[PDB]
Amino acid sequence: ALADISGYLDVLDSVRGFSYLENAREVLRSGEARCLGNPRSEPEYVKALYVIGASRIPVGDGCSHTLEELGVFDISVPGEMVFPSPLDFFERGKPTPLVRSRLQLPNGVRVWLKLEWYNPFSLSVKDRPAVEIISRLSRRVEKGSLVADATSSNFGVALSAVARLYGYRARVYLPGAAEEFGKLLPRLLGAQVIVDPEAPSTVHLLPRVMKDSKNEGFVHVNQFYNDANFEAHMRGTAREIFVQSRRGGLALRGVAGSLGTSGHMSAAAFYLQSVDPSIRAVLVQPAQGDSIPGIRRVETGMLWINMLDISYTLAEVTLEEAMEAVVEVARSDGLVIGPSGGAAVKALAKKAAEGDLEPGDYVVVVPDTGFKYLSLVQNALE
Amino acid sequence: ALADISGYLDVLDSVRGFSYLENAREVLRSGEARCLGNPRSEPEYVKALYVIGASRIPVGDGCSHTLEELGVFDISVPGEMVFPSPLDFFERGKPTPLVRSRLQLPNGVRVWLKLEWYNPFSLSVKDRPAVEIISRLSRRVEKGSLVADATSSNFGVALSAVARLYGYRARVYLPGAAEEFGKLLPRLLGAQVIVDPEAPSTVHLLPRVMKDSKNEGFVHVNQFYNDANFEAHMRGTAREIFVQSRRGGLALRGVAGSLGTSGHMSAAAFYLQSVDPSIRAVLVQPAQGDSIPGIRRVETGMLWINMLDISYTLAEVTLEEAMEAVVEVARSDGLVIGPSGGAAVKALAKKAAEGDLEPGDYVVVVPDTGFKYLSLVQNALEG
Ligand SMILES: *Cc1c(COP(=O)(O)O)cnc(C)c1O
Ligand SMILES: *Cc1c(COP(=O)(O)O)cnc(C)c1O
């Protein structure tokens with residue numbers, strides 16, 4: 001039988017560790033889940049179901065229910081696109097668009113672009129971890145409390161908007177080289193902003209944020225380590241790629257993406273490889289020396305991409321090469337993508353040139369809009 | 001009986017003038033269109049149906065069909081949000097979102113925000129006129145031809161993107177006061193940009209564009225005069241406000257917005273007042289001396305708002321007041337609207353205070369995202 005999962009989400013408070021993902025993987029591979037005589041007594045299984053996108057759980061003895069029956073494939077979006085609040089629109093105005101590009105790559109590699117700027121608060125992929133993180137402290141941490149993090153531009157904006165929505169205050173710490181929109185827009189949204197001119201990277205701010213947290217008593221949400229980040233992308237970004245590829249008739253042979261926190265691509269890889277382990281994940285490595293906003297090299301410390309059982313391929317991409325792809329996609333599709341989106345397109349283009357990819361449909365996650373990066377666009381047209 | 005309108009759309013090539021809108025208004029008012037014996041002999045009636053958003057026409061002798069049967073309400077975004085091309089995404093990734101605000105206005109005036117930054121190319125309301133203009137010359141004008149116009153930032157970006165999707169080249173003329181994204185992003189999109197530092201406004205550039213058009217032989221698409229702008233907003237923005245209000249359970253009592261070309265608010269007013277003449281159109285007048293990007297005062301010259309049978313009220317709004325609404329919406333809703341969106345919100349707030357408006361639901365058209373306007377945001381926070 002079917003019950004609403006909403007009544008069992010306290011298991012998100014109490015399940016720890018990655019062992020529950022064995023259940024997620026097996027439910028996805030088999031396309032079904034076994035009924036729980038006592039759902040309460042199997043919290044890891046309930047969490048597995050939530051993380052893959054189920055809105056319902058199977059209840060009883062001996063029965064089983066399909067992904068479909070569990071609500072994994074339920075249509076979210078009202079046909080008329082009317083929403084009673086911005087949060088409801090974040091939650092139900094999904095999937096984010098998946099749009100076939102007319103970019104021509106060698107070897108039958110067809111490019112689709114997933115447009116994560118379609119998230120309303122930060123115009124970026126970062127809404128999803130912000131919502132998930134804030135919503136799940138929202139029972140134990142007191143309203144009016146300060147939450148904070150080290151961030152590049154997008155999550156600081158996401159965090160500021162979402163914290164306030166849920167009744168919290170936000171503080172955002174950014175390196176000197178962050179874009180001005182990351183420094184300014186959080187203030188518009190009601191947050192405090194701290195820029196460290198000296199910090200050479202976003203993760204270099206983390207020790208200061210942790211020290212300040214101990215002295216000042218604010219909640220350090222730590223997107224780089226907070227599993228709700230990964231889980232948000234499992235139930236959202238990754239579930240969407242899966243459902244979109246199926247209902248859209250793609251022959252999904254891989255995904256391509258970039259890595260900051262590693263949240264969105266680790267989820268994409270893990271989810272899709274659960275259904276079909278041969279699906280490739282092609283991932284961007286900002287070339288040494290270069291800085292591409294929002295993203296980093298794997299060696300500098302990433303949680304999910306390293307700890308989870310996922311196969312991926314790297315590809316080196318310079319800032320110059322990423323911006324060339326931004327120009328190519330703009331001239332080809334009339335779509336203005338961000339530097340990191342361009343990096344992911346280029347990575348896919350390289351692996352396509354090398355003959356490494358089966359012909360078929362490949363989904364590139366585009367983290368944000370290129371409108372935000374006028375100085376990088378200016379340099380790229382020279 | 002019904003026939004697909006696709007087989008009758010050469011009327012768009014041949015019909016001229018505004019007389020056809022009489023038919024559009026009556027069909028919307030009665031909520032039904034009557035069958036045509038020979039549709040080919042009634043091209044104005046066919047155009048009327050295309051412009052209000054019908055996908056089918058009524059065919060027969062004596063019969064009639066509702067807006068619903070005609071496909072006017074058949075604008076559903078697909079549940080899976082998968083689009084086999086960018087143009088298909090522009091076409092089918094609609095309606096743009098209509099989101100209830102928590103802004104508190106006096107006298108029972110409830111605010112809904114229509115987010116036109118959800119257009120795919122220029123992230124603005126201007127994609128819609130760009131696509132309709134270019135698609136409808138995409139037959140008669142030879143590929144590789146140059147298309148051009150005088151513009152503020154948004155339509156320059158939209159024109160540039162759309163031109164390339166239909167196999168044209170683009171040139172964009174902007175005044176010196178235009179935003180940097182307007183000067184730069186068309187070049188990313190492959191277009192030529194001409195900036196006139198001295199030009200005090202966008203419409204001041206028009207004589208020079210027209211002169212250059214005569215000399216160099218490019219198509220001046222002229223958004224300020226081209227009826228496909230109005231028509232795009234009739235079948236897009238306006239039809240969406242109508243259909244979204246109905247299906248969404250709103251008690252629609254008015255729309256608020258701003259004027260550049262006057263394309264989108266003239267359409268919203270004309271379409272909705274066709275259905276119900278008591279629906280108000282509250283329009284922004286940028287206070288004398290001030291410049292709100294993308295928008296103008298009625299007196300400086302406008303086509304559809306003056307020629308069409310619509311009612312509206314004007315509210316004066318300073319740049320400062322427009323930006324105060326941007327701050328307020330950001331703090332209330334967590335959404336960042338543009339200066340002209342903020343102005344429309346303020347125009348609605350002002351009218352609401354004056355006791356002028358029926359209590360109920362009001363849709364504010366938000367032309368773009370305020371993410372772009374960082375200097376104006378900076379200045380606004382200093383207060
Ligand atoms: C956060 C972000 C990324 C990387 O996303 P994660 O899910 O942190 O790995 C890439 N690009 C941009 C612009 C971002 O904001
Ligand atoms: C075009 C535009 C307007 C006005 O729209 P029209 O349909 O030209 O009257 C308002 N604001 C912005 C930002 C625009 O680009």
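Because only heavy atoms are used, hydrogens play no part in the values below, and waters and symmetry mates are left out as well, while side chains stay in. In each ligand, atom 1 is the first atom listed, and ligand 1 is the first ligand listed. Quick note on labels: first sequence line is chain A, next is B, and so on, each numbered from 1.
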Exercise. Would one find an N or O of B:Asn229, backbone or side chain, under 3.5 Å from an N or O of ligand 2?
Worked result: no

Exercise. Is B:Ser124 in contact with ligand 2, taking contact as a heavy-atom separation below 4.0 Å?
Worked result: no

Exercise. Is the centre of the B:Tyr271 ring less than 6.0 Å from the centre of the B:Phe242 ring?
Worked result: yes

Problem set entry | Flag for B:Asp127-B:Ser122: side-chain donor and acceptor within less than 3.5 Å | yes

Exercise. Can you list the atoms of ligand 2 that are under 4.0 Å from a heavy atom of B:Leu259?
Worked result: 9 (O)

Problem set entry | Within-4.5 Å side-chain heavy-atom neighbours: B:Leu259 and B:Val284 | no

Exercise. Can B:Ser258 be said to touch ligand 2, with heavy atoms closer than 4.0 Å?
Worked result: yes

Problem set entry | Heavy-atom side-chain contact between B:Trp304 and B:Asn229 under 4.5 Å | yes

Exercise. So, for B:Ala344 and B:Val364, which heavy atoms are closest and what is the spacing to 0.1 Å?
Worked result: CB-CG1, 3.7 Å

Problem set entry | 4.0 Å heavy-atom contact, B:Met265 with ligand 2 | no

Exercise. For B:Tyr373 and ligand 2, does the shortest N/O to N/O distance drop below 3.5 Å?
Worked result: no

Exercise. Starting from atom 4 (C) of ligand 1, which protein heavy atom do you reach first, and at what distance in Å?
Worked result: A:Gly260 N, 3.4 Å

Exercise. Nearest heavy atom to atom 10 (C) of ligand 2: which of B:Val157, B:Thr261, B:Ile295 does it belong to?
Worked result: B:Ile295

Problem set entry | Shortest protein heavy-atom distance from atom 11 (N) of ligand 1, along with the residue and atom involved | A:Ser340 OG, 2.8 Å

Seminar exercise, completed: ligand 1 to A:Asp368, heavy atom cutoff 4.0 Å, flagged ligand atoms 13 (C)

Exercise. Can you name the nearest heavy-atom pair linking B:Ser340 to B:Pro293, along with the distance?
Worked result: CB-O, 4.0 Å

Problem set entry | Residue B:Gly263 vicinity, atoms of ligand 2 by number, heavy atom under 4.0 Å | 6 (P), 7 (O), 9 (O)

Exercise. Can you tell me which residue and heavy atom of the protein come closest to atom 7 (O) of ligand 1, and the distance to 0.1 Å?
Worked result: A:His264 ND1, 2.5 Å

Problem set entry | Heavy atoms of other groups near B:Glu320 CD, more than 12 under 6.0 Å | no

Exercise. Short list, please: which atoms of ligand 2 are under 4.0 Å from a heavy atom of B:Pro367?
Worked result: 10 (C), 11 (N), 12 (C), 13 (C)

For this session: Distance to 0.1 Å, residue and atom name: give those for the protein heavy atom nearest to atom 13 (C) of ligand 1.
Result: A:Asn154 ND2, 3.2 Å

For this session: Write out the residue and atom name of the closest protein heavy atom to atom 9 (O) of ligand 1, then the distance separating them to 0.1 Å.
Result: A:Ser262 N, 2.6 Å

Exercise. Is A:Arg235 salt-bridged to A:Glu231, going by a charged N under 4.0 Å from an acidic O?
Worked result: no

For this session: Can you pull out the closest protein heavy atom to atom 15 (O) of ligand 1? Residue, atom name and distance to 0.1 Å, please.
Result: A:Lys126 NZ, 2.6 Å

For this session: Carefully, step by step, assess A:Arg128 and A:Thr237 under the rule side-chain hydrogen bond (donor to acceptor under 3.5 Å, both in side chains).
Result: CA-CA 8 Å; A:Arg128 308 180 185 255; A:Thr237 311; 3.1 Å; yes

Seminar exercise, completed: Heavy-atom nearest pair, A:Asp368 first then A:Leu123, reads CB-O, 3.5 Å

